[PDB]
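*Asks:* Give me a 3D structure for the following:
(chains A and B, ligands or ions: 2)
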Amino acid sequence: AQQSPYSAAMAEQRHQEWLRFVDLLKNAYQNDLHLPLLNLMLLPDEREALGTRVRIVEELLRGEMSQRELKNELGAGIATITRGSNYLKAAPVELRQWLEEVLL
Amino acid sequence: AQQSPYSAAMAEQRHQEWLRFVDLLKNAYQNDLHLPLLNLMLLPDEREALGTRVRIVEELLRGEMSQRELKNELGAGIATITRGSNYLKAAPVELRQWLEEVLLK
Ligand SMILES: O=C(O)Cc1c[nH]c2ccccc12
Ligand SMILES: O=C(O)Cc1c[nH]c2ccccc12
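*Replies:* Numbering: from 1, shown residues only, chains lettered A, B, ... in the order given. Ligands and ions are numbered 1, 2, ... in the order given. And now the structure:
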């Protein structure tokens, strides 16, 4: 369905709400309140997922671990690897270049 | 030790992994790469949840929105309100007071 004014209005509000979170967390990092903020805003399993996703991204970029090793060690099965690979390919070049510098 | 070795070894790995994420995002903000990093690391529905949780926290601290309005505007039923309230109570007071300054003007 082509976006309607109702759906566009809701999407823009969600976008602004997201940016407000992003800026709140930016500020928290500047005031050394990011750790308690992240504990408030994210559940323990969500925090764990983020930690694991960094490893999945790292290992996809490194290219050394096999699919079976990614599944065993990171819990990342074939569909998770496909999605993570897609996210990497869709990322802007500046992000991919930086991730290569910092994670490898 | 608080935990047996198996559990402790898993917790230590998860802790390291969490700090790696925290540091990665810290540096992404400094490099203006936070938006694409968070798009990579979080699904659209997870990003939406975070945006909505900020509003729930804000409205809990503000005290003006009713229970019905929290549900109808922010999707937060009775149990969600209780959880969010509990998280706020457990947070350091320094964080709660900062959130009041920065979310409530
Ligand atoms: O697709 C998912 O299940 C969640 C997800 C979000 N960002 C990711 C990066 C790498 C691997 C998985 C994810
Ligand atoms: O408990 C939840 O459903 C998720 C959650 C994490 N932090 C929150 C802050 C306010 C409202 C909900 C949450």
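*Asks:* Is there contact, residue-wise, from the longest helix along chain A to ligand 2?
*Replies:* Counting residues, the longest helix in chain A under DSSP state H turns out to be helix A:5-30. No. Judged by Cβ under 6 Å from any ligand atom, helix A:5-30 makes no contact with ligand 2; its nearest approach is 11.1 Å. Using the backbone N, CA and C atoms, a C-beta is placed for each residue, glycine as well.
*Asks:* list the buried ones in the strand or helix carrying residue A:38?
*Replies:* Using DSSP states H and E, residue A:38 falls within helix A:34-41. The neighbour-count check on helix A:34-41 (16 or more other Cβ atoms under 10 Å in any protein chain shown) flags A:34, A:36, A:37, A:38, A:39, A:40, A:41 as buried.
*Asks:* Filter those residues to keep only those in contact with ligand 2.
*Replies:* residue A:41.
*Asks:* possible to save the buried residues of helix A:34-41 as JSON lines with distance to chain B?
*Replies:* Output for those, formatted as JSON lines (distance: Cβ to the nearest Cβ, whole Å):
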{"residue": "A:34", "distance to chain B": "7"}
{"residue": "A:36", "distance to chain B": "4"}
{"residue": "A:37", "distance to chain B": "6"}
{"residue": "A:38", "distance to chain B": "7"}
{"residue": "A:39", "distance to chain B": "7"}
{"residue": "A:40", "distance to chain B": "5"}
{"residue": "A:41", "distance to chain B": "6"}
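*Asks:* got a list of what the nearest residue to residue A:20 once chain neighbours are set aside touches?
*Replies:* Distances taken as Cβ to Cβ, 6 or more residues apart in numbering or on different chains place residue B:54 nearest to residue A:20, at 5.9 Å, with adjacent residues excluded. When contacts are counted by Cβ atoms under 8 Å, 6 or more residues apart in numbering or on different chains, residue B:54 touches A:17, A:20, A:21, A:24, A:41, B:103.
*Asks:* Good, wrapping up.
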